[PDB]
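**Q** One structure coming up, written as structure tokens, with questions to follow.
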Amino acid sequence: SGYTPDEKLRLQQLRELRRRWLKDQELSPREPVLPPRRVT
Amino acid sequence: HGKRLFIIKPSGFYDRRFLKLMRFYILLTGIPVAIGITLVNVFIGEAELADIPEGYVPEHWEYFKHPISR
């Protein structure tokens, strides 16, 4: 039983891609660039 | 903790824009209507029922109470 070598390799590659995507989902310190404007 | 993440969601721009437009136009006509209605009620007042004087026939619009209805 267990993973075949191709399954290990594909899981590892997909894992690296997924972790890079997840890291890229983060926000920079300026990311919410808010446009400011008014008129007891 | 600087762990702020991006929230994937559909565009709310168009729904907000439509709501703002509809609110603006409805208010554009309704605010003058509300102010005028209140002004009419406050100063003009409402007609008070009275007996028809002898020899006088009223107009068809003189049988109604509210000034806007008249």
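Chain labels run A, B, ... following the order of the structure tokens; each chain numbers its residues from 1, and ligands are numbered from 1 in the order shown.
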Please build the interface table for chain B against chain A with a cut-off of 12 Å, listing for each qualifying residue the nearest atom pair and the distance in Å to one decimal; count only C-alpha atoms, order rows by chain and increasing number, and write it as a tab-separated table.
**A**
```
residue	atom	partner	partner_atom	distance
B:1	CA	A:29	CA	11.5
B:2	CA	A:29	CA	8.1
B:3	CA	A:26	CA	7.0
B:4	CA	A:27	CA	5.7
B:5	CA	A:26	CA	4.6
B:6	CA	A:25	CA	5.7
B:7	CA	A:25	CA	8.6
B:8	CA	A:25	CA	9.6
```
**Q** Mind writing the picked residues with N, CA, C and O atoms as a compact mmCIF listing (two decimals), in the first residue's frame?
**A**
```
# COMPACT_ATOMS: atom_id res chain seq x y z
N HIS B 1 -1.24 41.49 14.64
CA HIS B 1 -0.78 40.43 13.75
C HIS B 1 -1.10 40.76 12.29
O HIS B 1 -2.27 40.84 11.91
N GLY B 2 -0.06 40.95 11.49
CA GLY B 2 -0.24 41.32 10.09
C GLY B 2 -0.59 40.15 9.19
O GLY B 2 0.06 39.93 8.16
N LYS B 3 -1.61 39.39 9.58
CA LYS B 3 -2.07 38.23 8.82
C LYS B 3 -3.33 38.53 8.02
O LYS B 3 -4.18 37.65 7.84
N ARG B 4 -3.49 39.76 7.54
CA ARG B 4 -4.68 40.15 6.79
C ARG B 4 -4.66 39.47 5.43
O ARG B 4 -3.65 39.53 4.71
N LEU B 5 -5.76 38.82 5.07
CA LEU B 5 -5.86 38.07 3.84
C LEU B 5 -6.87 38.72 2.90
O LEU B 5 -7.78 39.43 3.33
N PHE B 6 -6.70 38.46 1.61
CA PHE B 6 -7.62 38.99 0.61
C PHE B 6 -8.89 38.17 0.60
O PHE B 6 -8.84 36.93 0.60
N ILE B 7 -10.03 38.84 0.58
CA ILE B 7 -11.33 38.18 0.57
C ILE B 7 -11.85 38.20 -0.86
O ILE B 7 -12.17 39.26 -1.41
N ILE B 8 -11.95 37.02 -1.46
CA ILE B 8 -12.50 36.90 -2.81
C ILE B 8 -14.01 37.00 -2.72
O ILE B 8 -14.66 36.25 -1.98
```
**Q** For residue 67 (chain B), find every residue with an atom within 8 Å (counting only C-alpha atoms), except residues of its own chain fewer than 5 positions away, and show them as an MDAnalysis selection string.
**A** chainID B and resid 40 44:47
**Q** Give me a file of those residues, with N, CA and C atoms, as a tab-separated table (two decimals), in the first residue's frame.
**A**
```
chain	number	residue	atom	x	y	z
B	40	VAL	N	-48.47	72.66	2.76
B	40	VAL	CA	-49.88	72.86	2.43
B	40	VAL	C	-50.77	72.55	3.62
B	44	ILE	N	-52.15	76.18	4.61
B	44	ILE	CA	-53.43	76.17	3.92
B	44	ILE	C	-54.54	75.60	4.80
B	45	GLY	N	-54.23	74.52	5.51
B	45	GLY	CA	-55.19	73.87	6.38
B	45	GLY	C	-56.18	73.03	5.59
B	46	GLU	N	-57.29	72.66	6.22
B	46	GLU	CA	-58.32	71.86	5.58
B	46	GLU	C	-59.69	72.52	5.70
B	47	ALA	N	-60.52	72.34	4.68
B	47	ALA	CA	-61.86	72.92	4.67
B	47	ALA	C	-62.73	72.33	5.77
```
**Q** One decimal, in Å: what's the spacing between CA of residue 59 (chain B) and CA of residue 35 (chain B)?
**A**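 Computing the Euclidean distance for CA of residue 59 (chain B) and CA of residue 35 (chain B) yields 28.8 Å.
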